[PDB]
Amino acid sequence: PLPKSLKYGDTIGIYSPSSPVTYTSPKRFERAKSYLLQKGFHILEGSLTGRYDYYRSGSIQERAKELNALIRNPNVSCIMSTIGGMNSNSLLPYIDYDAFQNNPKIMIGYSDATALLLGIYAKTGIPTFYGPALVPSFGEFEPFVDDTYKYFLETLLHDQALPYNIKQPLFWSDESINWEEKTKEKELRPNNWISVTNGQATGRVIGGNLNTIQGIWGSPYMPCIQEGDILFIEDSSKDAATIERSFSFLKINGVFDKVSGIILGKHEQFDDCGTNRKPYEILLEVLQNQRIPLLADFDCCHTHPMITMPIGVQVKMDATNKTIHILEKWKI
């Protein structure tokens, strides 16, 4: 049960399940739309576009109805979050899962939108996409926006023969600049994926933004983690204390006794609290010498550029050799 590939000419429906970014960052919003329109995609603005309710776009009900309208719209190929936030999980009881299951569509975003990507996967079994959100990902200036775009086409639009190899970008940035307007130019940081623990795993990939997962854990909206799953996790803009708590949360729930491997994203603007420790090192301490293949600094996270990763499908990861391959169809 799979969504149709994106085509030029298709309509991307956009919704704001948490922060009211289309209100507070209008320039980046307009740039992001223009970028996609120039590429050849239409943008249907969700009913809360341009609305402001302080920390959020609107009420729980109104946010549900904004997304639902998109889900129920036959004219919309792809559904994309404008931005993350804290509050996607509020929507979960009210989403029209059956409407989605009866007419599957591409569901894309990241960060707080993990609540919905995972919820829709758990309820319908249809793969969803950890990938660009319209404002942060496509409002980005050159050069990085073009790399993210290349990855978005690779996953959603291109014919891809299986296995589909996910390649590492040459450069990245987590630099906190050029939000609304460009001033200076982002440092090209030279890229590497890190072989933290050597080895290989294949199995169904599950995860997204770990902080956000903690807001849906235990519910019907969190897909049950199974023996042999590959855990994919990322966090942004947290400190060492926060990610230790999240790693231990995983440990004590028995997650690391089930997963065959771990893909850890880069951590945008990580605050190491003076320790000079890297996020994977904190994870290693939690793992206590449990030998799970661990590939870190994967470029599907809040750093630019961003890969678009299908969730809920068979993946093969080789930590030693730093490869990610998607083994099963995630689209039509």
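Each residue number is its position in the shown sequence, starting from 1.
- Taking the PDB entry as given, 192-200 carries the higher mean Cα B factor of the two stretches 192-200 and 242-250.
- Here 33-41 and 284-292 are compared by their mean Cα B-factor, and 284-292 comes out higher.
- For the set 68, 49, 59, 275, the PDB entry puts the maximum C-alpha B factor at 275.
- The top Cα temperature factor in the record, among 11, 321, 308, 22, falls on 321.
- Split the chain's modelled residues into thirds by C-alpha temperature factor. Residue 123 is in the lowest one.
- Per the deposited record, the Cα B-factor of residue 154 falls in the middle third when ranked against the other modelled residues of its chain.
- Per the deposited record, the Cα B-factor of residue 232 falls in the middle third when ranked against the other modelled residues of its chain.
- Annotation for residue 142: CA B-factor lies in the highest third of the chain's modelled residues.
- Annotation for residue 209: C-alpha temperature factor in the lowest third relative to the rest of the modelled chain, per the entry.
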